[PDB]
Number of protein chains: 2
Amino acid sequence: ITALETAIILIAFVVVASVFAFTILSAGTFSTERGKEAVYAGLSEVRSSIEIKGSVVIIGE
Amino acid sequence: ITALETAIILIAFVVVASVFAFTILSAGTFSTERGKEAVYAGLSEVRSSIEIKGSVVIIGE
């Protein structure tokens with residue numbers, strides 16, 4: 001039958017799409033996490049400076 | 001008369017038809033179940049996949 005043939009082909013394409021979809025879902029989560037981490041980092045270094053306050057003294061021996 | 005021999009010739013032909021009918025009867029049954037087996041096997045083939053979840057890990061020694 002054309003019917004019995006079509007069922008087997010139909011299942012195969014669905015499974016392939018399902019597996020591909022699962023991979024995309026997992027892949028997208030990792031990339032999103034990495035992008036967030038970069039921004040958190042950037043800000044940090046910018047606000048971490050140091051100043052010198054006062055004169056500079058030399059002790060002679 | 002021919003009826004005498006006619007009857008004998010008639011009986012022979014029906015017996016041959018009976019035996020042929022019996023053989024084709026059983027032969028058709030075997031073909032069906034053999035045909036029935038194939039479609040069941042094909043469906044189980046397509047639905048038996050496996051996928052990797054997570055990430056691969058190497059244990060050094």
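The figures here come from the full heavy-atom set of this structure, side chains too, leaving out hydrogens, waters and symmetry mates. Note on naming: letters A, B, ... go to the chains in the order of the sequence lines (proteins, then strands), and numbering restarts at 1 for each one.
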### Residue-level interface, residues 11-21 of chain A with chain B, non-hydrogen cut-off under 4.5 Å
A:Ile11, A:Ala12, A:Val15

### Message
Please list all pairs meeting salt bridge (charged side-chain N to carboxylate O under 4.0 Å, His left out) that have one or both residues in residues 11-34 of chain A, counting only residues at least two apart or in different chains.
### Response
A:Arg34-A:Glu37

### Query
Applying a criterion of heavy atom separation less than 4.5 Å, what residues of residues 47-61 of chain B form contacts with chain A?
B:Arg47, B:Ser49, B:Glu51, B:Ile52, B:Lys53

### Message
Would you compute the distance between atom OG1 of A:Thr32 and atom CZ of A:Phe30 and round it to the nearest 0.5 angstrom?
### Response
10.0 Å

#### Entry: Members sharing B:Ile1's hydrophobic cluster (side chains within less than 4.5 Å)
B:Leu4

### Message
Rounded at 0.5 Å granularity, tell me how far OG in B:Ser44 sits from OH in B:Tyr40.
### Response
12.0 Å

### Query
Is it the case that more than 12 heavy atoms not belonging to A:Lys36 sit under 6.0 Å from its NZ atom?
yes

